[PDB]
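The residues making up each chain are set out below.
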Amino acid sequence: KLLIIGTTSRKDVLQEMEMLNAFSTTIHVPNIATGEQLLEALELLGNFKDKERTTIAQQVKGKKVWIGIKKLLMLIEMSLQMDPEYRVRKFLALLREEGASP
Amino acid sequence: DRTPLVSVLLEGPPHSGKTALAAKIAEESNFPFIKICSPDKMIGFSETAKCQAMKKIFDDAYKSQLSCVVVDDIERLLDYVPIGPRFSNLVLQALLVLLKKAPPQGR
Ligand SMILES: [Mg+2]
């Protein structure tokens, strides 16, 4: 027997070369869309907690977001280098400048 | 005997069985010499190597009394890719010449 698993990030181009007949099926890996999923990811990653979490929710529940999961292990670790008073604001600003095309 | 050389082309959509209806005709012919020149035994070759291999497989068919040869998946022998388009010229020329070269007398 055998089994081949290939990973690609640009499906249309591969479809143009007639390389989507060779493969026998296809799976789709999505991104974080709903705010609740982002909150769950933050809860499980072990980061801002207590009132901080609350305020984030207050500003994020009434809107849609679009962010990958390898890009949310950098924003957390890029907004932790400030003083312990503006971390939340910097995280929100970075998400706003990143969460494009909701 | 007016025509010592013949040819045929099997065409259809993809995934339909045009390599198991072309081996069962050759098998049920009971000819002495039968060969299959497929594209999976020459992974990575350049143009000249493919030309030499094709020439050898055809030459070994000129030294019998009556023979059959199968060229399956043509469009992969001469690399094709819709972008461009791109492909190999030497292999196409070798093919276009080898389909009109009558074998020695009486074969
Ligand atoms: Mg085939």
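Criteria and cut-off values
- Residues numbered from 1 in each chain as written, not as in the entry; some residues may be left out.
- Chains lettered and ligands numbered in written order.
- Part of a larger assembly, values for the part shown.
- Heavy atoms only, no water.
- Helix = DSSP H or I, 4+ residues; strand = E, 2+ residues; numbered from the N terminus.
- Rg over C-alpha atoms; globule rule 2.2 N^0.38 Å.
- Buried < 20%, exposed > 50% of the residue type's maximum accessible area, 1.4 Å probe, protein only.
- Contact = heavy atoms within 4.5 Å.
- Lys, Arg positive; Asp, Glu negative; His and termini not counted.
- Charge placed at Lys NZ, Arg CZ, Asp CG, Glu CD.
- Pairing = 2+ DSSP bridges.
- Right-handed = clockwise from strand over helix to strand, strands pointing away.

In the PDB archive, cryo-EM is given as the structure determination method for this entry, at a resolution of 3.65 Å.

Secondary structure summary: chain A contains four helices and zero strands in total. Listed by position from the N terminus, the elements making up chain A come as α-α-α-α. Its C-alpha atoms give chain A a radius of gyration of 18 Å, more than 25% over the compact-globule value 13 Å for 102 residues. The principal-axis extent of the C-alpha atoms belonging to chain A is close to 55 × 30 × 25 Å. Every one of the 102 residues in chain A was classed for burial, and the buried ones make up 21%. When contacts within chain A are restricted to residue pairs at least 6 apart in sequence, long-range pairs at least 24 apart make up 61% of them. In chain A, 15 positive and 13 negative side-chain charges are present, and the distance between their average locations comes to 1 Å.

Quick look at the pairing of strand β1 (residues 33–36) of chain B now. Residues and elements named next belong to chain B. The pairing of β1 with strand β2 (residues 67–70) spans four bridges and is classified as parallel. Paired with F33 across the bridge in β2 is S67. You can see the chain leave β1, run along helix α2 (residues 47–59) and come back into β2, and the turn it takes is right-handed.

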